[PDB]
Structure formats: structure tokens, C-alpha cells
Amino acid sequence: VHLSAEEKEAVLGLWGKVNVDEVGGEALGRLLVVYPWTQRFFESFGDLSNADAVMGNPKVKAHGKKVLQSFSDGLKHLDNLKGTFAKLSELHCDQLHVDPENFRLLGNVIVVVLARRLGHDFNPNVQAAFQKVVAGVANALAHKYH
């Protein structure tokens, strides 16, 4: 995705200062609580009934790490995004049938937990650079869809 010289430093720099395993587990849990139709994909994860249950869920925590660590690999190659997530796109489209709305929603949730954890460090300009990134991996996951 088209990302400036200073925008890359911003994103890469901030990323050094966040616990990606922890933010994935938080971000996935929040998506599940905030947009409950997403729990549909997770029936097998056990108890999703209330919010403390979702956040407390060991499988949610563990799966969230997996998605946010997939994000880290995204940052590694920005110039070729489509190909990085090409395999996962096939999975998410043709196997799991996730609407791309949901990629966008999770992307923004990650953005709000980055804000929550990083506070003043995550300022309007660094958020703007992160939006470019989360829109990039959302579009890279929706790529294999017709």
C-alpha cells in the first residue's frame, strides 16, 4: 500500500512498542463482544455468552495472537501485500465465507486497542498511517473474492 517514508517509520516504530500477542487477544475479543455476529465463526471456541467469557476465553486469546502475528508479517512486506495474504484470502473467502465488512471492522478494532494501549503516542498522524495499513490487509484478504 502507498505509504510515505515518514509514515513507514511511524508504523514500524510504534509496532516495536506494542505487545502484538496481547493486542491480538484483546482485539479479537472486542470484535466478538462489539459485533456479535462475528461469534458465528467461532462456535468451536467454547463459551462466548457474555463479555467476561469472551475476553476470558483461552482460545480467543490464542487465536488473536495468530491474526496479529499475521499482521506483523504484513508490515514486513508492504509493497507486496496481496501475495502475503493470498493464502489466507483463499481460506477466509472460499473456506470460511467471512464478509469483507468484517476484515474492515476487525482492522478498526485493532486501531482502537492500539490507541488504548499507546495513548498519546498514537496521535492523529500515526493513526492515519495505521489506517492505510489496516485497509491494506483488509483489501489483501478480500482479494481472492471474485
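One rule holds for the numbers: they count along the sequence shown, beginning at 1.
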Requested in this report: Using the B-factors recorded in the PDB entry, average over the C-alpha atoms of 5-13 and of 130-138, then report which stretch comes out higher.
Outcome: 5-13
Query raised in the report: Which wins on mean Cα temperature factor, 40-48 or 114-122?
Result: 40-48
Query raised in the report: Which has the highest CA B-factor per the PDB entry: 106, 86, 67, 55?
Result: 86
Query raised in the report: Based on the entry's values, in what third of the chain does the Cα temperature factor of residue 92 lie: lowest, middle or highest?
Result: middle
Query raised in the report: Taking the entry's C-alpha B-factors for this chain, is residue 59 in the lowest, middle or highest third?
Result: middle
Report summary line: Entry-reported C-alpha B-factor of residue 81 relative to its chain, by third, is middle
